[PDB]
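Asks: File query-v8.txt below, compact mmCIF, C-alpha atoms and all ligand atoms:
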# COMPACT_ATOMS: atom_id res chain seq x y z
CA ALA A 1 0.00 0.00 0.00
CA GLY A 2 2.70 2.50 1.10
CA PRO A 3 2.45 5.74 3.16
CA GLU A 4 -0.78 7.82 3.30
CA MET A 5 -1.15 11.36 1.83
CA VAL A 6 -3.55 14.18 2.94
CA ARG A 7 -3.91 17.31 0.68
CA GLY A 8 -0.42 16.91 -0.87
CA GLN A 9 1.37 16.48 2.51
CA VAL A 10 2.69 12.91 3.09
CA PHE A 11 1.89 11.26 6.45
CA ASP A 12 4.44 8.49 7.18
CA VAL A 13 2.73 7.43 10.48
CA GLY A 14 1.57 3.89 9.53
CA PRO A 15 0.99 0.97 10.09
CA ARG A 16 -0.18 1.97 13.64
CA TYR A 17 -2.03 5.10 12.44
CA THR A 18 -4.37 4.63 9.41
CA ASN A 19 -7.69 6.14 8.00
CA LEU A 20 -6.32 9.73 8.05
CA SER A 21 -8.57 12.83 7.68
CA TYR A 22 -7.68 16.60 7.69
CA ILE A 23 -8.76 18.55 10.85
CA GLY A 24 -6.43 21.65 10.89
CA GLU A 25 -3.14 23.39 9.91
CA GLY A 26 -0.36 25.75 11.13
CA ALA A 27 2.56 27.95 9.94
CA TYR A 28 4.91 24.95 9.33
CA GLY A 29 2.64 21.85 9.36
CA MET A 30 -0.74 20.03 9.33
CA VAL A 31 -3.12 18.30 11.86
CA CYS A 32 -4.89 15.03 10.93
CA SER A 33 -7.27 12.64 12.74
CA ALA A 34 -6.19 8.95 12.56
CA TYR A 35 -7.21 5.49 13.79
CA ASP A 36 -4.86 3.87 16.36
CA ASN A 37 -4.98 0.04 15.92
CA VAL A 38 -3.23 -0.44 19.34
CA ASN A 39 -5.52 1.61 21.68
CA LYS A 40 -8.53 1.06 19.25
CA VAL A 41 -9.42 4.82 19.32
CA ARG A 42 -9.10 7.78 16.93
CA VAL A 43 -6.21 10.19 17.73
CA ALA A 44 -4.92 13.60 16.54
CA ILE A 45 -1.57 13.70 14.72
CA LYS A 46 0.26 17.01 14.39
CA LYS A 47 2.82 16.94 11.55
CA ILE A 48 5.44 19.73 11.68
CA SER A 49 8.30 20.57 9.26
CA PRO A 50 10.50 23.04 11.24
CA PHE A 51 14.13 22.18 10.24
CA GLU A 52 14.31 24.85 7.45
CA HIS A 53 14.14 27.73 10.04
CA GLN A 54 15.92 28.29 13.42
CA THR A 55 12.83 29.92 15.10
CA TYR A 56 10.60 26.91 14.15
CA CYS A 57 13.21 24.46 15.65
CA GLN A 58 13.08 26.38 19.00
CA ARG A 59 9.24 26.26 19.09
CA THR A 60 9.17 22.50 18.23
CA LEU A 61 11.73 21.62 20.99
CA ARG A 62 9.97 23.94 23.53
CA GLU A 63 6.51 22.44 22.70
CA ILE A 64 7.77 18.80 23.00
CA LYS A 65 9.77 19.44 26.27
CA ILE A 66 6.89 21.43 27.93
CA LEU A 67 4.00 19.01 27.03
CA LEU A 68 6.01 15.88 28.05
CA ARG A 69 6.81 17.48 31.46
CA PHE A 70 3.23 18.84 31.95
CA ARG A 71 0.39 16.55 33.16
CA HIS A 72 -3.00 18.34 33.59
CA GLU A 73 -6.68 17.57 32.72
CA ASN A 74 -7.20 20.97 30.96
CA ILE A 75 -3.91 20.78 28.93
CA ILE A 76 -3.25 18.60 25.84
CA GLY A 77 -0.45 16.03 26.24
CA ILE A 78 1.79 13.93 23.99
CA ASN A 79 0.93 10.20 23.74
CA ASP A 80 3.55 9.28 21.07
CA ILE A 81 6.10 10.87 18.65
CA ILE A 82 7.01 9.54 15.14
CA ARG A 83 10.08 10.66 13.10
CA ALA A 84 12.67 9.06 10.71
CA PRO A 85 15.09 6.44 12.24
CA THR A 86 18.20 8.51 11.21
CA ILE A 87 18.88 12.26 11.77
CA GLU A 88 19.75 12.76 8.02
CA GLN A 89 16.28 11.40 6.98
CA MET A 90 14.32 13.43 9.62
CA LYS A 91 12.50 16.27 7.78
CA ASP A 92 9.18 15.98 9.75
CA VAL A 93 8.02 15.29 13.34
CA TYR A 94 4.58 13.71 14.04
CA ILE A 95 3.16 14.51 17.51
CA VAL A 96 0.34 12.07 18.50
CA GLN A 97 -2.24 13.63 20.89
CA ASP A 98 -5.78 12.90 22.24
CA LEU A 99 -8.51 13.68 19.65
CA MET A 100 -11.20 16.21 20.67
CA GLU A 101 -14.69 16.65 19.10
CA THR A 102 -14.47 20.41 18.38
CA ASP A 103 -12.92 23.74 19.56
CA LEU A 104 -14.31 27.07 20.93
CA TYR A 105 -13.76 28.84 17.52
CA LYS A 106 -16.06 26.28 15.77
CA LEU A 107 -18.58 26.33 18.70
CA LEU A 108 -18.98 30.17 18.73
CA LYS A 109 -19.47 30.10 14.88
CA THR A 110 -22.71 28.06 15.19
CA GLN A 111 -23.86 27.95 18.88
CA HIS A 112 -25.15 30.46 21.50
CA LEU A 113 -23.75 29.70 24.98
CA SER A 114 -25.78 29.80 28.24
CA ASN A 115 -24.23 31.71 31.23
CA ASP A 116 -23.48 28.33 32.97
CA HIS A 117 -21.61 27.07 29.84
CA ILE A 118 -19.65 30.42 29.60
CA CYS A 119 -18.89 30.07 33.38
CA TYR A 120 -17.76 26.39 33.07
CA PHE A 121 -15.56 27.05 29.95
CA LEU A 122 -13.87 30.11 31.60
CA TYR A 123 -13.19 28.07 34.80
CA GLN A 124 -11.41 25.27 32.82
CA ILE A 125 -9.28 27.83 30.84
CA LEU A 126 -8.19 29.53 34.12
CA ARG A 127 -7.74 26.10 35.90
CA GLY A 128 -5.42 25.06 33.03
CA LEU A 129 -3.70 28.50 32.98
CA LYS A 130 -3.18 28.23 36.81
CA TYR A 131 -1.06 25.07 36.15
CA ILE A 132 0.85 26.69 33.18
CA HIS A 133 1.62 29.86 35.24
CA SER A 134 2.57 27.81 38.39
CA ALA A 135 5.28 26.17 36.19
CA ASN A 136 6.52 29.77 35.32
CA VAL A 137 5.46 29.18 31.64
CA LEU A 138 3.50 31.56 29.32
CA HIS A 139 1.21 30.20 26.56
CA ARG A 140 1.36 33.53 24.55
CA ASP A 141 -1.29 32.40 21.96
CA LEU A 142 -4.58 31.82 23.88
CA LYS A 143 -7.55 32.01 21.43
CA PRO A 144 -10.84 30.06 20.78
CA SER A 145 -9.16 27.85 18.08
CA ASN A 146 -6.51 26.71 20.67
CA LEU A 147 -9.25 25.66 23.19
CA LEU A 148 -10.41 22.11 22.37
CA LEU A 149 -13.78 20.66 23.51
CA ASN A 150 -15.27 17.13 23.66
CA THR A 151 -18.84 15.60 23.81
CA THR A 152 -19.21 16.21 27.63
CA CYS A 153 -17.98 19.92 27.37
CA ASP A 154 -14.47 19.08 28.81
CA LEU A 155 -11.97 21.81 27.78
CA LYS A 156 -8.25 21.36 26.87
CA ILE A 157 -5.63 24.03 25.93
CA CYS A 158 -3.50 23.16 22.85
CA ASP A 159 -0.68 24.60 20.62
CA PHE A 160 2.32 25.30 22.90
CA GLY A 161 4.43 26.45 19.91
CA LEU A 162 4.80 30.08 21.10
CA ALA A 163 5.13 28.92 24.79
CA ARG A 164 8.13 30.26 26.81
CA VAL A 165 9.47 30.47 30.41
CA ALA A 166 8.56 33.76 32.22
CA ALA A 167 0.58 35.57 18.28
CA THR A 168 -2.95 36.18 16.90
CA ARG A 169 -3.66 39.97 16.77
CA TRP A 170 -7.29 40.00 18.11
CA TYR A 171 -6.23 38.38 21.47
CA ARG A 172 -2.86 40.26 21.69
CA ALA A 173 -2.29 42.45 24.81
CA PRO A 174 -1.59 46.22 24.26
CA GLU A 175 1.89 45.96 25.96
CA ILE A 176 3.09 43.58 23.14
CA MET A 177 2.20 46.33 20.57
CA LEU A 178 3.31 49.22 22.89
CA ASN A 179 6.63 47.54 23.95
CA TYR A 180 6.43 38.71 27.69
CA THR A 181 4.72 38.34 31.15
CA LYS A 182 1.93 36.18 32.76
CA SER A 183 -0.50 39.16 32.39
CA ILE A 184 -0.54 38.88 28.50
CA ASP A 185 -2.36 35.49 28.84
CA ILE A 186 -5.04 37.01 31.18
CA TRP A 187 -5.76 39.69 28.48
CA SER A 188 -6.38 36.85 25.94
CA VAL A 189 -8.72 35.08 28.45
CA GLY A 190 -10.60 38.43 28.73
CA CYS A 191 -10.92 38.58 24.90
CA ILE A 192 -12.18 34.93 24.95
CA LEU A 193 -14.77 35.77 27.73
CA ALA A 194 -16.13 38.76 25.69
CA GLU A 195 -16.39 36.52 22.56
CA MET A 196 -18.36 33.84 24.50
CA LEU A 197 -20.81 36.56 25.70
CA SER A 198 -21.57 37.95 22.17
CA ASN A 199 -20.28 35.29 19.58
CA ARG A 200 -18.14 38.14 18.08
CA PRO A 201 -14.51 39.28 18.75
CA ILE A 202 -14.32 42.37 21.04
CA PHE A 203 -11.21 43.82 19.23
CA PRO A 204 -11.23 42.64 15.54
CA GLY A 205 -8.35 44.84 14.31
CA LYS A 206 -7.11 44.52 10.69
CA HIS A 207 -3.54 45.65 11.64
CA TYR A 208 -1.41 46.50 14.78
CA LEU A 209 -2.57 50.17 14.54
CA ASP A 210 -6.34 49.41 14.03
CA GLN A 211 -6.06 46.85 16.91
CA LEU A 212 -5.03 49.62 19.41
CA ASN A 213 -7.92 51.86 18.14
CA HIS A 214 -10.48 49.07 18.87
CA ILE A 215 -9.13 48.75 22.48
CA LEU A 216 -9.17 52.56 23.06
CA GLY A 217 -12.68 52.69 21.51
CA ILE A 218 -14.07 50.62 24.44
CA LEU A 219 -11.56 51.24 27.33
CA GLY A 220 -11.28 54.96 26.45
CA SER A 221 -8.13 57.11 26.11
CA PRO A 222 -5.19 55.81 28.26
CA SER A 223 -4.33 57.68 31.50
CA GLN A 224 -0.88 59.20 32.32
CA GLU A 225 -0.06 56.12 34.52
CA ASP A 226 -1.18 53.69 31.72
CA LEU A 227 1.36 55.30 29.31
CA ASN A 228 4.11 55.74 32.01
CA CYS A 229 6.03 52.52 31.13
CA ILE A 230 8.85 51.22 28.81
CA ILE A 231 6.73 52.03 25.69
CA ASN A 232 8.17 52.45 22.14
CA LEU A 233 8.37 56.08 20.80
CA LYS A 234 6.33 55.44 17.57
CA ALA A 235 3.36 53.89 19.47
CA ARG A 236 3.60 56.49 22.32
CA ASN A 237 3.58 59.52 19.94
CA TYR A 238 0.74 57.85 17.91
CA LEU A 239 -1.57 57.34 20.96
CA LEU A 240 -0.81 60.95 22.11
CA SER A 241 -1.67 62.37 18.61
CA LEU A 242 -5.11 60.60 18.58
CA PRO A 243 -8.28 62.50 19.75
CA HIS A 244 -9.95 61.82 23.14
CA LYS A 245 -11.96 58.55 23.27
CA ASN A 246 -14.64 57.90 25.92
CA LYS A 247 -14.83 54.70 28.01
CA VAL A 248 -17.79 52.54 26.90
CA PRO A 249 -19.33 50.86 30.02
CA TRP A 250 -19.25 47.01 30.03
CA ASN A 251 -23.05 46.79 30.73
CA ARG A 252 -23.63 48.88 27.52
CA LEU A 253 -21.43 46.64 25.27
CA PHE A 254 -23.02 43.42 26.74
CA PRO A 255 -26.59 44.39 27.85
CA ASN A 256 -27.89 40.94 28.95
CA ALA A 257 -24.60 39.51 30.37
CA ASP A 258 -24.16 38.56 34.08
CA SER A 259 -23.02 41.55 36.25
CA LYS A 260 -20.32 39.31 37.89
CA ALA A 261 -19.08 38.19 34.41
CA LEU A 262 -18.62 41.86 33.38
CA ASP A 263 -16.87 42.72 36.70
CA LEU A 264 -14.27 39.96 36.06
CA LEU A 265 -14.02 40.97 32.33
CA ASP A 266 -13.15 44.57 33.45
CA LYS A 267 -10.37 43.24 35.74
CA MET A 268 -9.02 40.95 32.92
CA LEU A 269 -9.27 43.61 30.14
CA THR A 270 -7.23 46.28 32.01
CA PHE A 271 -4.80 48.33 29.82
CA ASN A 272 -2.08 48.41 32.54
CA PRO A 273 -0.75 44.81 33.02
CA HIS A 274 0.35 45.68 36.62
CA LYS A 275 -3.29 46.59 37.54
CA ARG A 276 -4.56 43.48 35.62
CA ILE A 277 -5.99 40.55 37.68
CA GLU A 278 -3.87 37.36 38.12
CA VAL A 279 -5.01 33.73 37.44
CA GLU A 280 -5.68 32.93 41.19
CA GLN A 281 -7.70 36.13 41.91
CA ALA A 282 -9.64 35.43 38.65
CA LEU A 283 -10.57 31.89 39.88
CA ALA A 284 -11.60 33.19 43.37
CA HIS A 285 -13.88 35.87 41.72
CA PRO A 286 -17.63 35.50 42.66
CA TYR A 287 -18.53 34.78 38.97
CA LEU A 288 -16.76 31.35 39.16
CA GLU A 289 -18.03 30.54 42.74
CA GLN A 290 -19.94 27.29 41.87
CA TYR A 291 -16.81 25.85 40.11
CA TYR A 292 -13.88 27.31 42.20
CA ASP A 293 -12.25 24.45 44.15
CA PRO A 294 -8.67 25.00 45.46
CA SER A 295 -8.62 21.28 46.50
CA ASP A 296 -9.06 20.03 42.87
CA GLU A 297 -6.85 22.70 41.17
CA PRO A 298 -3.34 21.14 40.86
CA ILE A 299 -0.14 23.19 40.35
CA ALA A 300 3.30 22.23 38.96
CA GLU A 301 5.62 20.58 41.56
CA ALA A 302 8.58 22.87 40.51
CA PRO A 303 9.09 25.82 38.05
CA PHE A 304 10.16 24.99 34.45
CA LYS A 305 13.74 25.83 33.35
CA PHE A 306 15.63 25.05 30.11
CA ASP A 307 19.09 23.40 30.55
CA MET A 308 20.56 25.61 27.74
CA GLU A 309 19.88 28.94 25.91
CA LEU A 310 17.97 27.73 22.78
CA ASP A 311 18.12 31.20 21.06
CA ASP A 312 21.96 30.94 20.75
CA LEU A 313 21.90 27.38 19.25
CA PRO A 314 21.87 26.99 15.41
CA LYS A 315 19.12 24.93 13.63
CA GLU A 316 21.66 22.01 13.21
CA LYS A 317 22.20 21.66 17.03
CA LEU A 318 18.43 22.16 17.74
CA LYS A 319 17.64 19.34 15.22
CA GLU A 320 20.03 17.04 17.22
CA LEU A 321 18.26 17.95 20.51
CA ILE A 322 14.82 17.29 18.87
CA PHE A 323 16.14 13.87 17.62
CA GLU A 324 17.45 13.07 21.17
CA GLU A 325 14.17 14.22 22.87
CA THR A 326 11.97 12.04 20.56
CA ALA A 327 14.35 8.96 20.92
CA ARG A 328 12.44 7.37 23.90
CA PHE A 329 9.37 6.92 21.56
CA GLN A 330 11.41 4.78 19.06
CA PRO A 331 11.33 0.90 19.17
CA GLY A 332 14.15 -0.69 21.18
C1 LIG A 401 -11.75 17.72 15.02
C2 LIG A 401 -11.74 18.92 15.90
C3 LIG A 401 -10.33 19.42 16.22
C4 LIG A 401 -10.34 20.81 16.84
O1 LIG A 401 -11.30 21.66 16.22
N1 LIG A 401 -9.72 18.48 17.16
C5 LIG A 401 -8.47 18.42 17.64
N2 LIG A 401 -8.24 17.43 18.50
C6 LIG A 401 -7.01 17.38 19.01
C7 LIG A 401 -5.99 18.28 18.71
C8 LIG A 401 -4.63 18.10 19.32
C9 LIG A 401 -6.35 19.31 17.81
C10 LIG A 401 -5.50 20.45 17.46
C11 LIG A 401 -6.02 21.68 17.10
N3 LIG A 401 -4.99 22.48 16.73
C12 LIG A 401 -3.80 21.81 16.84
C13 LIG A 401 -2.51 22.53 16.64
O2 LIG A 401 -1.47 22.12 17.13
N4 LIG A 401 -2.55 23.69 15.96
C14 LIG A 401 -1.40 24.53 15.64
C15 LIG A 401 -1.89 25.87 15.12
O3 LIG A 401 -2.79 26.47 16.03
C16 LIG A 401 -0.47 23.92 14.61
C17 LIG A 401 -0.89 22.90 13.77
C18 LIG A 401 -0.01 22.31 12.88
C19 LIG A 401 1.29 22.78 12.76
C20 LIG A 401 1.68 23.84 13.55
CL1 LIG A 401 3.25 24.55 13.29
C21 LIG A 401 0.84 24.40 14.49
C22 LIG A 401 -4.11 20.56 17.33
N5 LIG A 401 -7.58 19.36 17.26
Hey, can you dump this file as structure tokens for me?
Replies:
Amino acid sequence: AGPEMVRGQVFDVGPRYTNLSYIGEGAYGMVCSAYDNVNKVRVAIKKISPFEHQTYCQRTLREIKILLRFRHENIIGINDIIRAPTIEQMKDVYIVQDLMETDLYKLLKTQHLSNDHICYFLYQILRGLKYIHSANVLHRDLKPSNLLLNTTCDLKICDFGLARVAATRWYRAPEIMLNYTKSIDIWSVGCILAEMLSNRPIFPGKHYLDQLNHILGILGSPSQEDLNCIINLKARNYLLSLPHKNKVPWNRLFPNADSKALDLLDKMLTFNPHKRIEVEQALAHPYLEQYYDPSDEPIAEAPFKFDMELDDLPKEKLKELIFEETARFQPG
């Protein structure tokens, strides 16, 4: 028969993984659903081709090392890894993960969420983020397409490509554009909460400049303290040259939303990251009272730390480290 192919891209994952079907894609790869003849279940296989670029090699090694170390109910894990038996032949890496029914991007495209469903989804994102942040790791790309869901509404965070030890424009914090920290992930969670409440993105900017205008159009003009930071000159002089913009109240933008949901949203969507609410205070907020449970909210045993500076290593050395990291999944 030979190896299977999906939309041009070859998928040399057999004979264990057969009956392949397209489910998603990325900047340097493809995601496919496949049947596992060992566990007798369908799984998700993430193919990635990162060896042509040094940045992609860093992301691949960071993603593999983080997900293998991490073990949480609201975070996607790695079940198996397939790659060529020799380093010279390795051009692709296949990460086998648990298959989920849908994601929040697909769900908000077709379904209207009840307050209890918005409350339960937000809790699981923050429960998962509590574990990521306890390990001193930043996701840096939290969005509805990276939040996977199953039949029984169980949520899982995926795509740890941009993850780092302490992105999509619409869920990007103003400090990334103005000038990184745990607070940039909370901003993204705020953007996700607002999208669950209206089935529309709160800041759908077409470019980095239009993105800042959409934020100022709701939050109002920034104060002297909000601008008093290590901000870039171009962005600082641009925001100062703009006319005065009034703050739109949260109850006016979301008329029939829960008052507690809007109080937490305000604390998550705060321009100043220092004044922005943290993952623990967000979980203890009265909006997530019926789900908050410090007893069943695990944290990472120790903070994450890389043994070597990956930014200084060339793509040739990073390829060797990727080959060595994926070796324990090879037969023998
Ligand atoms: C069938 C429904 C889909 C989600 O809608 N199910 C599902 N189930 C499990 C998983 C692990 C996934 C899944 C979703 N995105 C990804 C995933 O890893 N996506 C990133 C881009 O966001 C990616 C993909 C390929 C290459 C690169 Cl460089 C990066 C995995 N998707």
Asks: Grab the CA of residue 26 in chain A to atom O3 of ligand LIG 401 (chain A) distance for me, in Å with one decimal place.
Replies: 5.5 Å
Asks: For a quick check of understanding, using all atoms listed in the file, which of A:259, A:89, A:326, A:211 has the smallest distance to residue 60 in chain A?
Replies: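 Counting all atoms listed in the file, the residue closest to residue 60 in chain A is A:326.
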Asks: Considering only C-alpha atoms and all ligand atoms, state which residue in the set A:319, A:16, A:42, A:245 is at the smallest distance from ligand LIG 401 (chain A).
Replies: A:42
Asks: Could the residues of chain A that have an atom at most 6 Å from ligand LIG 401 (chain A) be listed as JSON lines, each with its closest atom pair and the distance in Å to one decimal, counting only C-alpha atoms and all ligand atoms and ordered by chain and ascending residue number?
Replies:
{"residue": "A:23", "atom": "CA", "partner": "A:LIG401", "partner_atom": "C1", "distance": 5.2}
{"residue": "A:25", "atom": "CA", "partner": "A:LIG401", "partner_atom": "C18", "distance": 4.4}
{"residue": "A:26", "atom": "CA", "partner": "A:LIG401", "partner_atom": "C20", "distance": 3.7}
{"residue": "A:27", "atom": "CA", "partner": "A:LIG401", "partner_atom": "CL1", "distance": 4.8}
{"residue": "A:28", "atom": "CA", "partner": "A:LIG401", "partner_atom": "CL1", "distance": 4.3}
{"residue": "A:29", "atom": "CA", "partner": "A:LIG401", "partner_atom": "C19", "distance": 3.8}
{"residue": "A:30", "atom": "CA", "partner": "A:LIG401", "partner_atom": "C18", "distance": 4.3}
{"residue": "A:31", "atom": "CA", "partner": "A:LIG401", "partner_atom": "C18", "distance": 5.2}
{"residue": "A:44", "atom": "CA", "partner": "A:LIG401", "partner_atom": "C6", "distance": 5.0}
{"residue": "A:46", "atom": "CA", "partner": "A:LIG401", "partner_atom": "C18", "distance": 5.5}
{"residue": "A:48", "atom": "CA", "partner": "A:LIG401", "partner_atom": "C19", "distance": 5.3}
{"residue": "A:97", "atom": "CA", "partner": "A:LIG401", "partner_atom": "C8", "distance": 5.3}
{"residue": "A:98", "atom": "CA", "partner": "A:LIG401", "partner_atom": "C6", "distance": 5.7}
{"residue": "A:99", "atom": "CA", "partner": "A:LIG401", "partner_atom": "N2", "distance": 3.9}
{"residue": "A:100", "atom": "CA", "partner": "A:LIG401", "partner_atom": "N2", "distance": 3.9}
{"residue": "A:101", "atom": "CA", "partner": "A:LIG401", "partner_atom": "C2", "distance": 4.9}
{"residue": "A:102", "atom": "CA", "partner": "A:LIG401", "partner_atom": "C2", "distance": 4.0}
{"residue": "A:103", "atom": "CA", "partner": "A:LIG401", "partner_atom": "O1", "distance": 4.3}
{"residue": "A:146", "atom": "CA", "partner": "A:LIG401", "partner_atom": "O3", "distance": 6.0}
{"residue": "A:148", "atom": "CA", "partner": "A:LIG401", "partner_atom": "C4", "distance": 5.7}
{"residue": "A:159", "atom": "CA", "partner": "A:LIG401", "partner_atom": "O2", "distance": 4.4}
Asks: My list of candidates is A:53, A:117, A:69, A:172. Which is closest to residue 104 in chain A when distances are computed with all atoms listed in the file?
Replies: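 Using all atoms listed in the file, residue 104 in chain A sits closest to A:117.
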Asks: Per residue of range 176-197 of chain A within 6 Å of range 260-275 of chain A, what are the shortest atom pair and its distance in Å to one decimal, counting all atoms listed in the file, with rows by chain and residue number, as a Markdown table?
Replies:
| residue | atom | partner | partner_atom | distance |
| --- | --- | --- | --- | --- |
| A:183 | CA | A:273 | CA | 5.7 |
| A:186 | CA | A:268 | CA | 5.9 |
| A:187 | CA | A:269 | CA | 5.5 |
| A:190 | CA | A:268 | CA | 5.1 |
Asks: What does the distance between CA of residue 292 in chain A and CA of residue 130 in chain A come to in Å, to one decimal place?
Replies: 12.0 Å
Asks: Place N, CA, C and O atoms on range 179-194 of chain A and deliver the coordinates as a PDB file, in the coordinates of the input.
Replies:
ATOM      1  N   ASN A 179       5.231  47.868  23.666  1.00  0.00           N
ATOM      2  CA  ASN A 179       6.630  47.540  23.950  1.00  0.00           C
ATOM      3  C   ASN A 179       7.075  46.334  23.134  1.00  0.00           C
ATOM      4  O   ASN A 179       6.971  46.346  21.909  1.00  0.00           O
ATOM      5  N   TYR A 180       5.559  37.820  26.926  1.00  0.00           N
ATOM      6  CA  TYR A 180       6.430  38.710  27.690  1.00  0.00           C
ATOM      7  C   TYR A 180       6.287  38.451  29.197  1.00  0.00           C
ATOM      8  O   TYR A 180       7.286  38.148  29.854  1.00  0.00           O
ATOM      9  N   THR A 181       5.050  38.555  29.735  1.00  0.00           N
ATOM     10  CA  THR A 181       4.720  38.340  31.150  1.00  0.00           C
ATOM     11  C   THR A 181       3.451  37.474  31.273  1.00  0.00           C
ATOM     12  O   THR A 181       2.782  37.241  30.266  1.00  0.00           O
ATOM     13  N   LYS A 182       3.120  37.002  32.495  1.00  0.00           N
ATOM     14  CA  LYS A 182       1.930  36.180  32.760  1.00  0.00           C
ATOM     15  C   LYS A 182       0.622  36.931  32.453  1.00  0.00           C
ATOM     16  O   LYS A 182      -0.362  36.311  32.055  1.00  0.00           O
ATOM     17  N   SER A 183       0.638  38.265  32.607  1.00  0.00           N
ATOM     18  CA  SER A 183      -0.500  39.160  32.390  1.00  0.00           C
ATOM     19  C   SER A 183      -0.986  39.206  30.920  1.00  0.00           C
ATOM     20  O   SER A 183      -2.147  39.565  30.711  1.00  0.00           O
ATOM     21  N   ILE A 184      -0.135  38.855  29.920  1.00  0.00           N
ATOM     22  CA  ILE A 184      -0.540  38.880  28.500  1.00  0.00           C
ATOM     23  C   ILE A 184      -1.555  37.750  28.222  1.00  0.00           C
ATOM     24  O   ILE A 184      -2.421  37.915  27.360  1.00  0.00           O
ATOM     25  N   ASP A 185      -1.459  36.627  28.966  1.00  0.00           N
ATOM     26  CA  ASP A 185      -2.360  35.490  28.840  1.00  0.00           C
ATOM     27  C   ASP A 185      -3.736  35.814  29.420  1.00  0.00           C
ATOM     28  O   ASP A 185      -4.738  35.384  28.854  1.00  0.00           O
ATOM     29  N   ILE A 186      -3.789  36.586  30.531  1.00  0.00           N
ATOM     30  CA  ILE A 186      -5.040  37.010  31.180  1.00  0.00           C
ATOM     31  C   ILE A 186      -5.834  37.913  30.217  1.00  0.00           C
ATOM     32  O   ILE A 186      -7.056  37.761  30.124  1.00  0.00           O
ATOM     33  N   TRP A 187      -5.139  38.812  29.475  1.00  0.00           N
ATOM     34  CA  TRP A 187      -5.760  39.690  28.480  1.00  0.00           C
ATOM     35  C   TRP A 187      -6.513  38.842  27.444  1.00  0.00           C
ATOM     36  O   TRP A 187      -7.665  39.141  27.132  1.00  0.00           O
ATOM     37  N   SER A 188      -5.848  37.783  26.931  1.00  0.00           N
ATOM     38  CA  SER A 188      -6.380  36.850  25.940  1.00  0.00           C
ATOM     39  C   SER A 188      -7.610  36.116  26.466  1.00  0.00           C
ATOM     40  O   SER A 188      -8.563  35.924  25.713  1.00  0.00           O
ATOM     41  N   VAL A 189      -7.606  35.750  27.770  1.00  0.00           N
ATOM     42  CA  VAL A 189      -8.720  35.080  28.450  1.00  0.00           C
ATOM     43  C   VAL A 189      -9.917  36.071  28.513  1.00  0.00           C
ATOM     44  O   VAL A 189     -11.063  35.658  28.318  1.00  0.00           O
ATOM     45  N   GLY A 190      -9.617  37.356  28.722  1.00  0.00           N
ATOM     46  CA  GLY A 190     -10.600  38.430  28.730  1.00  0.00           C
ATOM     47  C   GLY A 190     -11.267  38.561  27.367  1.00  0.00           C
ATOM     48  O   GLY A 190     -12.495  38.626  27.282  1.00  0.00           O
ATOM     49  N   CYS A 191     -10.455  38.524  26.289  1.00  0.00           N
ATOM     50  CA  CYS A 191     -10.920  38.580  24.900  1.00  0.00           C
ATOM     51  C   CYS A 191     -11.798  37.370  24.574  1.00  0.00           C
ATOM     52  O   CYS A 191     -12.797  37.515  23.868  1.00  0.00           O
ATOM     53  N   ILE A 192     -11.440  36.186  25.120  1.00  0.00           N
ATOM     54  CA  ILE A 192     -12.180  34.930  24.950  1.00  0.00           C
ATOM     55  C   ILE A 192     -13.529  35.024  25.709  1.00  0.00           C
ATOM     56  O   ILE A 192     -14.549  34.608  25.154  1.00  0.00           O
ATOM     57  N   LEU A 193     -13.542  35.602  26.937  1.00  0.00           N
ATOM     58  CA  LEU A 193     -14.770  35.770  27.730  1.00  0.00           C
ATOM     59  C   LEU A 193     -15.776  36.667  26.988  1.00  0.00           C
ATOM     60  O   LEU A 193     -16.946  36.296  26.876  1.00  0.00           O
ATOM     61  N   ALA A 194     -15.309  37.812  26.456  1.00  0.00           N
ATOM     62  CA  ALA A 194     -16.130  38.760  25.690  1.00  0.00           C
ATOM     63  C   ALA A 194     -16.714  38.120  24.424  1.00  0.00           C
ATOM     64  O   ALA A 194     -17.847  38.432  24.063  1.00  0.00           O
TER      65      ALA A 194
END
